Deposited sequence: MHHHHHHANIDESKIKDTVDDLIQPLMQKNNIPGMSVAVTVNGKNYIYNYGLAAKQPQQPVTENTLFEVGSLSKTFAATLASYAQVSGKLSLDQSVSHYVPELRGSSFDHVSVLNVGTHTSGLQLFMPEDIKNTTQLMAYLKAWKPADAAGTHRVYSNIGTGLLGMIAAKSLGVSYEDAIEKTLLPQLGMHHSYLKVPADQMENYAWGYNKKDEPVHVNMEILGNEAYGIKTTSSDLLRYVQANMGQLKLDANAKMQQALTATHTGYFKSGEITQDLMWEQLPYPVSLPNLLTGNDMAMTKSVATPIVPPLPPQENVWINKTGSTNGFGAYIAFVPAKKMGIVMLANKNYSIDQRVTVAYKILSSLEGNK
């Protein structure tokens, strides 16, 4: 602790919110990463595993659940800026087995914005590509694609699958061999390697059992990433153009294009945003859209990537709870990782309090 140092003030702000949060929710371990003024701060708390006990360190890997959807979008955006994908084309244009199905009328943009109408969860009985394609050929949305927003793991799966195919590789290769390496995210994985298993935190479910996420079909696209807070802070900085990584920077920025309004949010390519300065009530409402259908209204022409917005994404698994938010105009961002799935309203509120503390009022 030092005087006249913003770092000590930030640590106090973060500690004072995170310690009670972890106590009352019984969260075993967290890492919080903050960037502001071009400086990066990483704060680690508690335990990556209870038995045998292992502390959270700079190397601890957390499951981030739906933060993974933003990587599928970044890959699709990379394919798009590389000339391999048009977001306005239909899904069946790129997946010829689906020609003649309802996917003749669902665009890639629809699956990238949760506006196809596909339901939230993949049917549990779908285990292989044959069963998946049979389901998709038989599926019909309740409303015309493009009229409603239904947050969807399945649609995100299609987005990433199409993006990878357009690049000539599997999704796993696209992410681990192309995207994460080009972003400099060397401790981010869909499959944690043997030399990193000691760093892979256990998640603690509602009954406090240690669990790791089970990876099923198209799951890598929707929920597969394990990563460190430092790697995600780099991802946040890259999303704010702060790093010397040109196609990749274009791809990152273009994911922030605003395509639909729904409720309080602007739906980008997987990322979600609200105008900044943003009120806590609207941010909370905008982060309570995970399981219900809402009306979606197109933004056409699309809203270009903005500076004056709060861009964010939640992610969870049975054992983990994560959140990212950043405001490009202020070059400030936060990553909050936990090995217990605690409520989104608390993640958002803590992040709002932290970011609001980072400069004076004017």
**OP:** Where the model has no C-alpha, note the corresponding stretch of the deposited sequence, numbering from 1.
**Re:** 1 to 5, 251 to 253
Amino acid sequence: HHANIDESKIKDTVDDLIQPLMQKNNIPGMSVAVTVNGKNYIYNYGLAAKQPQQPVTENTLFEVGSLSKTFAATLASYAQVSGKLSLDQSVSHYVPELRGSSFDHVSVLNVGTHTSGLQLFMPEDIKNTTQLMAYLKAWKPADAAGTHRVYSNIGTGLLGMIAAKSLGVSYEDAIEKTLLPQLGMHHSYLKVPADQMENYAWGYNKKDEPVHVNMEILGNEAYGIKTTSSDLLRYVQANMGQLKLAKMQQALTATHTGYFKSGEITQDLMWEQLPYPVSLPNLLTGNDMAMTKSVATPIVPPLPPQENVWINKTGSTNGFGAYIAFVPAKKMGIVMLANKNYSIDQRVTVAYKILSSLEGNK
From here on, numbers count along this sequence of modelled residues.
Subject >> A290 not built in a third or more of the other entries >> reply: no
Original post:
In at least a third of the other compared PDB entries, does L245 have no coordinates?
Top reply: yes
Original post:
Looking at the entry, does 334 to 342 or 6 to 14 show the higher mean C-alpha B-factor?
Top reply: 6 to 14
Subject >> Entry-level comparison of average CA B-factors, 44 to 52 and 60 to 68, reporting the higher stretch >> reply: 44 to 52
Original post:
Looking at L75, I126, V106, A238, which has the highest CA B-factor as recorded?
Top reply: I126
Original post:
Which one of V81, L158, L269, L252 shows the biggest C-alpha B-factor in the PDB entry?
Top reply: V81
Original post:
Thinking about Cα B factors across the chain, which third does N220 belong to?
Top reply: middle
Subject >> Third of chain Cα B-factors occupied by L118 >> reply: lowest
Original post:
Relative to the other modelled residues in the chain, which third contains the C-alpha temperature factor of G146: lowest, middle or highest?
Top reply: middle
Original post:
Relative to the other modelled residues in the chain, which third contains the C-alpha temperature factor of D231: lowest, middle or highest?
Top reply: lowest
**OP:** Select lowest, middle or highest to describe the third in which the CA B-factor of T292 falls within its chain in this entry.
**Re:** middle
